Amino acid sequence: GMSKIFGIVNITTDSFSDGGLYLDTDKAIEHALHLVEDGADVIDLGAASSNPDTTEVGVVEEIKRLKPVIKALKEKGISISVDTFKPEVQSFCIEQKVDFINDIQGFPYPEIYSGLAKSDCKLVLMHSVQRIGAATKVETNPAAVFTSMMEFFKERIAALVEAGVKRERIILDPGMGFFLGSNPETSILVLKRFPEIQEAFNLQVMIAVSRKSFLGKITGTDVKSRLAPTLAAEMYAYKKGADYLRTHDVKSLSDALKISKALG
């Protein structure tokens, strides 16, 4: 199987790798259209970041950013994912009939589970060692993190299914980078063992490594020179059977996947 590409379109001011570049509505639409041209299957819209240096974005402001971009992309028939962890914003996305809701908190509020069940959109259920809120910088034990993540998925999937969410709507994301720990060994272990998530839960898995900190620690590179380590980790994940890849440089990943497919 070939991994599907989520194209990151950050409509923020403080995204760790491209904050402020696509804050304007038309520039965000133009960026999304370019990523689709580059081979993106889904456009992941994020009007609020979640890196350790992020600043809280209000719900009204977040919906204001997403509203005209969703409208323009839905007009073109583009599959839309929204990277939001705020239940009121997620409820707005259900009304807009987007294809995915991408929650770094993994839908931890059962009060809205009945509303999620009535929708038909797919749910990207992400695990993090923080569980609630944006990423932080904390050292973790890789084996213990993988074990707790496996238990977290099992309980959260069961809670959503018990509330009426169809199981096949759930896509699992183990988290990566600071969502797993400040030491890169935890991210490395998850990258090596994520097929065990597909096997245990029989659900698709998304891998999101693009430009993240742990790549820079292994190679000694800042965020602007992280294309090569990103591509190395993304094609490792593709070769290992990742169902979705969430990336910034869609064109480079697509070209790299075309070469890997021709050689494999």
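One rule holds for the numbers: they count along the sequence shown, beginning at 1.
With 176 to 184 and 86 to 94 compared on mean CA B-factor from the PDB entry, the stretch scoring higher is 86 to 94. Mean CA temperature factor is higher for 29 to 37 when stretches 29 to 37 and 198 to 206 are set side by side in the entry. Per the deposited record, 18 carries the highest C-alpha B-factor of all listed residues (255, 18, 243, 249). Highest C-alpha temperature factor among 145, 165, 101, 126, as the PDB entry reports it: 165.
In this PDB entry, residue 47 carries a Cα temperature factor that places it within the middle third of its chain's modelled residues.
Residue-level temperature factors show residue 259 in the lowest third of its chain, judged at the C-alpha atom.
For residue 5, the recorded CA temperature factor ranks within the middle third of the chain's modelled residues.
In the deposited entry, the Cα temperature factor of residue 239 sits in the middle third of values across the chain's modelled residues.
Residue-level temperature factors show residue 77 in the highest third of its chain, judged at the C-alpha atom.
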